[PDB]
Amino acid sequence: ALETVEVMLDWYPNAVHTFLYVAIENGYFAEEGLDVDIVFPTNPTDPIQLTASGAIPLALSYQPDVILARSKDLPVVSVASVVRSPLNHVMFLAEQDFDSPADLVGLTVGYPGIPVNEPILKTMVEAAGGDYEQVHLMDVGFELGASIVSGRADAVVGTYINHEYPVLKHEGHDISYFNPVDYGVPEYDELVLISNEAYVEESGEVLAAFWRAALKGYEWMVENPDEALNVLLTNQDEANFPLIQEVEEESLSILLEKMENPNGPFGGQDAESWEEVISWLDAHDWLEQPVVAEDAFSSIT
């Protein structure tokens, strides 16, 4: 009777996922006859791979990644834009005192294994005249903070200003960073709801029912900021990704601004954003097969 839908988040639960949990808790999905199954990823890259393979119909990923994916012939399609601008920043301990991304040359940068991180770091490094081919990336999965703090990596990319940054500071670490948009990286959407082609064609109803629900979750979160932030926190995976309340409210405050759609409903996708993100990548030889903005995303409403 209830349509069961698997939704794989992009990371372990945190402020950015608030709208989804509010949807669950308020029965918005039940009202829509859906049984939403929120799932965490085993590997950071699972979201796009599983969605692509058709194993799961929904997940949260990164716009630049969707393009990378579609460029490799994966049938991944963005059906909604959650965070309309970047969150990703390159981080390191203040003692490192790097002058610019070009100082990463000859050093090792930790990262979650997520591909999107390659074009971002490459652009940032070349933008400063360094030779990215001498920059060493070290996959640390979810252990982003530990890579930098332990010392095994000189810097990290994949960390968010709305999260990892305030957490490290809260934990006492003195963190400095480089903002990708100050080094040739476009204002891409950090996070987008993604599905696969078949499911968009074969199950448009379910997808429409889902977003309608998720949107109510969003609108409710917006009108009930604190209350909704409380919902997430209680639903946090305390065993593997414990959250700090103060850190999370600050995170939410940042995300709210970036999640809101100035000239349309929450989730509305801007064709301009995609077009330039594709050309940015296509320009740096990251796209093996051509990608078109009319195919990288579609409206499920």
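Residue positions are given as counts along the sequence shown, with the first one as 1.
Between the stretches 205-213 and 118-126, it is 205-213 that shows the larger average CA temperature factor. The stretch with the higher mean CA B factor, choosing between 82-90 and 143-151, is 143-151.
The top Cα temperature factor in the record, among 259, 59, 52, 247, falls on 247. Residue set 33, 268, 27, 64: peak C-alpha B-factor at 33 (per PDB entry).
Ranked by C-alpha B-factor against the other modelled residues of its chain, residue 279 falls in the middle third. Ranked by Cα temperature factor within the chain, residue 225 sits in the middle third according to the deposited record.
In this PDB entry, the Cα temperature factor of residue 238 sits in the top third of its chain's modelled residues, the highest group. Per the PDB record, residue ranking by Cα B-factor puts residue 113 in the middle third of the chain. Ranked within its chain, residue 69 lands in the middle third, by CA B factor from the PDB record.
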